[PDB]
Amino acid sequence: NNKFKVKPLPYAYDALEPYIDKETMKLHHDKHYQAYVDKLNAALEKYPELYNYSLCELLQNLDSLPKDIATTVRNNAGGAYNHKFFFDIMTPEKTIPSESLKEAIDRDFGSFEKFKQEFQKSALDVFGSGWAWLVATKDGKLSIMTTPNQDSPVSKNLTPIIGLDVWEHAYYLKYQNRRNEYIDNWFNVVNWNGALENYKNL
């Protein structure tokens, strides 16, 4: 069975309290993330060789996939990739920026505080469903960008370093309309060591 699979949550479902509630972690991982994976697998039954593509390969070739599944793959491979990435980029452990990522942030944004203010504003300003990202070009230059729905920077040859889900399902149970509070609290759980590994993998 080479079908796509849901990666088990890398920590306990209540591990990110009180910043993200356990009930939301359960729904977000066990229902939403699961649905993207199930729908993706369903769409590829017609073209089983695509089970041998990685999620990244699917996202990098949306415009050359067979026409009848291009959109469903964009949405569901997007959802699967983004959520796996998102749960991996959070942690109950205490972490801080270090090494080349720490330096790159200062280089490209001036300081960590300036980077943080820009990321928070970009996340706050996403209209509708979507994501805010810290991304790197192939040469390691950092920038902040957003994507709508489950679109991914990977599709634009940009490599995600950290990313924040601002679909309302990600924050409504605890924060309701107060997305600003969700965004601010999320920085307490960002896994900077994972972010560093993402940056090093260029």
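Don't overthink the numbering: it's just position in the shown sequence, from 1.
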Return whichever of 162-170 and 63-71 has the greater mean Cα B factor according to the PDB record. 63-71
Assert higher mean C-alpha B factor (146-154 or 37-45, deposited values) equals 37-45
Once the chain's modelled residues are ordered by C-alpha B factor and cut into thirds, is residue 94 in the lowest, middle or highest one? middle
Third of the chain, ranked by Cα B-factor, where residue 100 sits: highest
Assigned third (lowest, middle, highest) for the C-alpha B factor of residue 117: highest
Going by the CA temperature factor in the PDB record, which third of the chain does residue 12 belong to: lowest, middle or highest? highest
Once the chain's modelled residues are ordered by C-alpha B factor and cut into thirds, is residue 26 in the lowest, middle or highest one? middle
